[PDB]
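Chemist: Protein chains in written order, with the entry's author numbering: chain A, 352 to 527; chain B, -1 to 97; chain C, 30 to 1140; chain D, 1178 to 1226; chain E, 294 to 490; chain F, 1031 to 1079; chain G, 3 to 56.
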Ligand SMILES: C/C(=C\[C@H](C)CCCCC(=O)O)[C@@H]1O[C@@H]2C=C[C@@H]1OC(=O)\C=C/C=C\C=C\[C@H]1O[C@@H]3C[C@H]1O[C@@H](/C=C/C[C@H]1O[C@H](C[C@H](O)[C@H]1C)[C@@H](O)[C@@H](O)/C=C/CC/C=C/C2)[C@@H]3C
Ligand SMILES: [Zn+2]
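Here it is in structure tokens:
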């Protein structure tokens, strides 16, 4: 009986649950069912938490963990010709208008950054990591520019004060 | 013949595949009847969804997060074991069972 | 007549009827009251079969008890089912989504045998759903209807076939029970009667006979005359009872070693021990009536017997002998003939009571196995019936029967006629019934035993034709499940008024006269030769001495909704079918005016559908408003009836109930007190009365198109209210808990004006497609940002706003006001499902006008969408200035054989203008058989032609000749029924007179706003990458196989490459197509489809090496 | 007993009248449309049918 | 009838040893996904149960062989593994089909191809397309023969990227994002652009 | 039409002649018999059922 | 009582797919018992484990 119960608790569910949580799930189900038979009313979560001497939020966590998944090959409609898996929207796909909007945003940002000088645009692109993935820090840009980091930081502050102008913001405001 | 499918084909040969072909297609041997960790919802190790066998779930990310961008691509994390690449190779890599 | 608040609707009916229409929900209500065991059913059964008052639960609990162990040392029994009061009333259940139910209680008794102890406990069996006042169930707040099912009854069904090689008749028999095994006694190409038992063919009859213990002497004695039986008794090649038993055991068992106690018990377990073979009381009555075994004995011992088996073999061999009648020793004689499987004496009706009893029995079996399991493993002198019984399989069986089973349907209600005909519906298919591929051509036919038991007209017209029909008007269900029909008995040519309800077999035994036969007003027939219906459905004339039964009325053979068609006897059958189907899909308008010309079946079919507030007890009105009426009874008491102002029906239509009594009137018990959705002064009203001309007008009314005036859009003649709901739920998640709030990130203050403080909208805000209803925000989690996003947030200074916005936006192409916000919560202690925190429902309501594209129809199957709404002045008017309203088409009338619309148009014009038959010198010759007070009528008067006895054509001519003028001296319509219209557009009169009149058309539920759809780029599928489907999602149309064949047959190949690569599956192709269109470049060359790649991976996973080769 | 095309079989008679001459004897047969479409040259159009 | 398959194995460069199977392959997981819904509810893909049964019985057979068991248990375990792989490849072929919850037979690998619901007759030959529409029809007797009517509320959704490019080109919007929002709000100039496109 | 394109043997299968010549008609018991005499040295073709 | 909107358990980013430079990497050659060879490209600064699951 030990081998049968342990092996059923291991290989019963499609998502594997350890045996102590399966034990408390079985205890919760038997407790709720017996209190329904002896009561005539299906009890409350606080009643079950009173009976099992645990907290009601733990009772809700257990009753959320106890739910087994559904299968994607069932008949959704009236007649059976439609699987469930044909009506699930793939949200991780490409929305295909925001991608081309991202491309146009990159080109617009290129135009706006190229309306300034060379040192400013280079420091900004190295600071925020546009030509490469990793953003260079102030010490890295001071190394690549032959200066200290304080001049780099003053250049950064002055350029960020420059870029908040409406002449450089009226085209980029609608991109957020 | 072709394997990257450049839409330049002239034949499509079917054939009865041997065990030497089966264990040549596969990337890793699945050896546990688990799918997903019940608590953190991550793919289990050596399961039917294992990220070492079938590839990573996140774009250019290993399992332990030690390599997390495109500059580490085409390498394998020496701790976790997931080859860091795009996450769309979970649609194309196969595994096998040794009976 | 005989309804206290009836409008005076004068009838053209020539002949009196004896029997009024029975209560139309009597099948549902009386079957459920049979199941419960209600005292009303108790006194009715005491009137009609008083020998055994047995309910459904009592029958199941008595076929269950007793329940013992294997040792027989302890027994558990059941007794006394008994209900309680319901836990909540109907409207509260529909509000808070609770199911309308009541608890079951059962007195259980556990008996120990050796020492002897009985233990009486009151076991709570479960929550049992209860039927409402109108025959509907309520499940989870929705409203459901259980449909009846037609199955073939148990018994013996003798039938013959030809063999088409030797061309000899090969008879057979199928002793088919309820819940048992089968057995067939065929006749082969030879004369060896094959006894294929449980579909294991061999072994002629001597095997079963000597297996029963019969010797060759007794086989010779009972079966001596039969050449077939003596040939088999010589070709038996087996002597000995045990010699037969070992053959039976080795062929039926095989895979088990035989022994002389197993074959001793196997046959006695299969067909006689009643734990495995219980043909029901229906089957016992059917077999005992078919062979004539017992006559007056009550129905008990529901298993078979060896007497019945040898009677079956004797009947079969005398049927192959070609005899006429047979008397088995021990019983009365019976005729010898083959049986049919489509006769209505063999198809019983499994109604709702038997349907719920079956699921309760299949729950009680699984409870019984658990109880008899734990009656051993539990220790003795320690058990109690509270510990024995597990009610979980019974409550799960009830729950799985009501929710998600194809005979427990979601009740449709777009009008009370469709509610009423959604009940009283017979379906031949379902669980335990044949599917549509097993449905042969023979079962869809109309057998001649359908006269008055099932309507031949009303049925669906898709692939389900003939499998679903409705009951007739006067039909009534037997106690056993057959369908009874009334008949007036005539004695010696004197038609009496006693009424005898007759099923199909007794309808075959006698001869039955016609409904509209000329009675001589004494009971005597006028002519000696009367039409009649013979046994097999033959139609003959007959001398009137032989006729012993007469129909109760015409329209007996027809359904409810088909009896509401005027002039049915002039139409065809297919267009009448389309009219009876399209009559129930009408929508409720805002005004709902009663029809001018109708039949007598509107008042009864409206007050019997339950959607009209009817005064329970008489008295006087105290107080009226738009919500509540309080009558004052004769003795002190008062009673408030609450209305339903704008409730949402089950399909998105309005459910108004306005009152129709003033504050001083006196109502009697049964008077209609408030209209319903589609009613006017009590009776049904599905549309409006519209002036119509039958000319073809400039190709706009071409090929079943209908044009209308602008007066219907202006004066709101055709206008329905539609109410939809939207539902969202704030629940917990892994990262936190979603909240309903005003602070939605990355949103302006423009869309946040209509929202109030707790996030939901106000009441009365007119919304458009894409506006915020419920402002809900989710915890987003941790994501990395693109550098452009990072420096843009640095440029504008705006923060991260780490929670993701997912509101409830009103979907595409919807608008209207916001009626009501019913918001539940967890903190206010409502019954919410596990893991949910806050549920909220918002009800949006729009007021749809009429529009071109909407589907209109008359009452004779003359459908057609609206072609063009003309303005008022370019619409052909009469010689009075009155414009016509709609213009039908001429060419659709004569080729469809439905001139009932032309007769209804003529009689409608007569009823609108009003007439006066000038009997100055005597009543004229056409109107000599008209009733009185039909010689003259006021304008806008109502009339009523019944179905098969109505206005004659000569009487229509005579009414249409004398048709008193409008306001001037002006008879606008001559004796032909036509008028001289003027062209409203050019100006000249039309050169020929044109038929006009007042028709009655209804607006169907096929509006355009539920059909028009488009898609540029929406969602996509999961496994494959195709776009999704249907208007519920965004979805795209299906470019199937035959359209690909057409595109190949054109020679157009590039469009096929387009539609099959870069619009459905080219995952890197779609975004390049979009970018190329936006930037203005050429479309790139496509690539391979992902569905083909999926095909390749599945073929590689089926151990098939598939290598794609370059060269 | 194997059904082969009239073009492929007659070309194989051309290859076999040389290099030692004997003809494979054949008589023309008439087959229905399900039987004809399944024995095509492509295993993709046949399996899709 | 025998020479057909024997010459089929003899002519090509094939071996008959591949009819038995020493290593089963696994389909990639994105063709049998475990997608979670909104609200934590999960959805398997009905091949995971067959794969899990094969994995379970294979591990148990390996443990029985390494443990050392009598012939009855090992023979029954090997026939169990054989039945599981046969049910994986074609459920309902030999004997009773393997049913899941609710007495529904599971969708095996061959059932992704067979019949009308397979890949061939459902998703390879006829697919759902984009840039599409559907509505009811009426008679238009003033049109010429090559013309057709069209509702503007439907043609505005059919021709959305064309009209987006065109009203970006005419300076009615700053970029594609405000142009798309302008189409969604249906401002009174988008019809004047819609006629041109 | 479906039995033509599928090339089944038909229901009302009427035999045809196989050679020129005169016939030997027989009206048998419940089913006839027809035999065709050839104009050459061949056996007379019999059609029984 | 909601809309069927699924999502696989994983995120999809999009960065610059450039192959002109990568991180420098070694290649370790692992060997099983049955005469098999395998190549696993680890990074340069990576403690290469003495065993490996092939
Ligand atoms: C095909 C079928 C039912 C169809 C869905 C509806 C009727 C088809 C005939 C027609 O085309 O008009 C069979 O129905 C049952 C057995 C199995 C079959 O169900 C089936 O196999 C198909 C579905 C079985 C249970 C479905 C439950 C849920 O499916 C939705 C919600 C739940 O119930 C359904 C409600 C259907 C009510 C219909 O009612 C009809 C009109 C509309 O088609 C519907 C409003 C009315 O004409 C009404 O008079 C007809 C009722 C059908 C009579 C009983 C038949 C037995 C709704 C479609
Ligand atoms: Zn790692």
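Using N, Cα and C, we set each Cβ at its ideal position, and we do this for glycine too.
What residues of chain C sit near residue 62 of chain G, judged by a beta carbon separation below 7 angstroms?
Modeler: This structure gives no information on residue 62 of chain G, because the portion of chain G shown stretches from 3 to 56.
Chemist: In chain order, what residues of the segment 12 to 31 of chain G put their CB closer than 7 angstroms to some CB of chain E?
Modeler: The segment 12 to 31 of chain G vs chain E, Cβ under 7 angstroms: nothing.
Chemist: Quick one: which residues of the segment 1043 to 1075 of chain C get their C-beta closer than 7 angstroms to a C-beta of chain G? List them in chain order.
Modeler: Those would be 1051, in chain order.
Chemist: What residues in its chain sit with their C-beta under 8 angstroms from that of residue 376 of chain A, if we drop five residues either side in the sequence?
Modeler: The answer, listed in chain order, is 368, 413, 416, 417.
Chemist: What residues in the segment 439 to 465 of chain E bring their beta carbon closer than 7 angstroms to a beta carbon of chain B?
Modeler: Within the segment 439 to 465 of chain E, no residue has a Cβ that lies closer than 7 angstroms to any Cβ of chain B.
Chemist: Below 8 angstroms on the Cβ atoms is my contact criterion, and I expect residue 31 of chain B with residue 345 of chain E to pass it. Report the Cβ-Cβ distance as a whole number of Å.
Modeler: Rounded, the Cβ-Cβ distance is 4 angstroms, consistent with contact.
Chemist: Going straight from the alpha carbon of residue 72 of chain C to that of residue 339 of chain C, what length do you get?
Modeler: Between residue 72 of chain C and residue 339 of chain C, the C-alpha separation is close to 41 angstroms.
Chemist: Does chain J have any CB closer than 8 angstroms to the CB of residue 1137 of chain C?
Modeler: Among the chains of the structure shown, chain J does not appear; the protein chains present are A, B, C, D, E, F and G.
Chemist: Should the segment 417 to 428 of chain C be called in touch with the segment 138 to 154 of chain C, which here means at least 3 C-beta pairs below 8 angstroms?
Modeler: The segment 417 to 428 of chain C is in contact with the segment 138 to 154 of chain C.
Chemist: Can you give me the Cβ contacts of residue 405 of chain C inside the same chain, cut-off strictly under 7 angstroms, excluding the 5 residues immediately before and after it?
Modeler: So the qualifying residues of the chain are 98.
Chemist: Could you tell me which residues DSSP puts in a beta bridge with residue 130 of chain C?
Modeler: In DSSP, residue 130 of chain C forms a bridge with C:158.
Chemist: Just verifying my parser: in three-state terms, what is the DSSP assignment at residue 1011 of chain C?
Modeler: It is a strand residue.
Chemist: Determine the DSSP secondary structure at residue 527 of chain A, reduced to helix, strand or coil.
Modeler: Correct three-state label for residue 527 of chain A: coil.
Chemist: Return yes when the Cβ of residue 348 of chain C is within less than 8 angstroms of the Cβ of residue 187 of chain C, no when it is not.
Modeler: A contact, by the Cβ cut-off of 8 angstroms.
Chemist: Over the uninterrupted beta strand (DSSP E) stretch that includes residue 1028 of chain C, give me the two end residues.
Modeler: Unbroken beta strand (DSSP E) run through residue 1028 of chain C: 1023 to 1032.
Chemist: Hey, which unbroken runs of the alpha helix (DSSP H) at 4 residues or more fall wholly within the segment 738 to 785 of chain C?
Modeler: Listed in chain order, the complete alpha helix (DSSP H) runs (minimum 4 residues) inside the segment 738 to 785 of chain C are 740 to 743.
Chemist: What are the uninterrupted segments assigned as alpha helix (DSSP H) that are 4 or more residues long and contained completely in the segment 630 to 655 of chain C, given in chain order?
Modeler: Entirely contained in the segment 630 to 655 of chain C, the alpha helix (DSSP H) runs reaching 4 residues are, in chain order, 632 to 636.
Chemist: For a test of the three-state rule: what should DSSP assign to residue 319 of chain C, helix, strand or coil?
Modeler: Of the three classes helix, strand and coil, the one that applies to residue 319 of chain C here is helix, per DSSP.
Chemist: Buried or exposed: where does residue 525 of chain C fall if 16 or more other Cβ atoms within 10 Å of its Cβ makes it buried?
Modeler: Its Cβ having fewer than 16 others within 10 Å, residue 525 of chain C is exposed.
Chemist: For residue 1219 of chain D, go through chain E and note every residue whose CB falls closer than 8 angstroms to its CB, in chain order.
Modeler: Within chain E, no residue comes near residue 1219 of chain D; the closest Cβ sits about 13 angstroms away, beyond 8 angstroms.
Chemist: By alpha-carbon positions, which one of C:294, C:256, C:978 ends up nearest to residue 274 of chain C?
Modeler: Closest option to residue 274 of chain C, Cα to Cα, is C:294.
Chemist: With a threshold of 7 angstroms (Cβ to nearest heavy atom), would residue 489 of chain C be considered close to ligand 1?
Modeler: Indeed, a heavy atom of ligand 1 lies less than 7 angstroms from the Cβ.
Chemist: Assign residue 439 of chain A to one of two classes, buried (16 or more other C-beta atoms within 10 Å of its C-beta) or exposed (fewer than that).
Modeler: Label assigned to residue 439 of chain A: buried.
Chemist: Under 8 angstroms, do residue 453 of chain E and residue 1045 of chain C count as touching if we go by C-beta distance?
Modeler: Cβ distance < 8 angstroms, so residue 453 of chain E and residue 1045 of chain C count as in contact.
Chemist: Can you tell which of C:934, C:1005, C:822 has its C-alpha closest to the C-alpha of residue 523 of chain A?
Modeler: The residue with the shortest Cα to Cα distance from residue 523 of chain A is C:822.
Chemist: Compute the Euclidean distance between the alpha carbons of residue 218 of chain C and residue 1049 of chain F, then round it to the nearest angstrom.
Modeler: Approximately 37 angstroms between the Cα atoms of the pair.
Chemist: If the cut-off is 7 angstroms on Cβ atoms, which residues from the segment 1185 to 1216 of chain D count as contacting chain F, listed in chain order?
Modeler: Of all residues in the segment 1185 to 1216 of chain D, 1207, 1208, 1209, 1210, 1211 have a Cβ within less than 7 angstroms of some Cβ in chain F.
Chemist: Sorted by chain position, which residues of the same chain lie with C-beta nearer than 6 angstroms to residue 380 of chain E's C-beta, five sequence neighbours on each side aside?
Modeler: These residues qualify, in order along the chain: 391.
Chemist: By the three-class DSSP mapping on this structure, what secondary structure does residue 1004 of chain C have?
Modeler: Residue state, collapsed to three classes: coil.
Chemist: Pull out every residue of the segment 57 to 89 of chain B whose Cβ sits closer than 9 angstroms to any Cβ of chain G, in chain order.
Modeler: So the list reads 57, 58, 59, 65, 67, 68, 69, 70, 71, 72, 73, 74, 75, 76, 77, 79, 81, 84, 85, 86, 88, given in the order they occur along the chain.
Chemist: Cα separation between residue 582 of chain C and residue 747 of chain C?
Modeler: Rounded to the nearest angstrom, the two C-alpha atoms are 37 angstroms apart.
Chemist: Report yes or no: do three or more beta-carbon pairs, one from the segment 317 to 333 of chain E and one from the segment 41 to 51 of chain B, lie closer than 8 angstroms?
Modeler: Touching, per the Cβ criterion.
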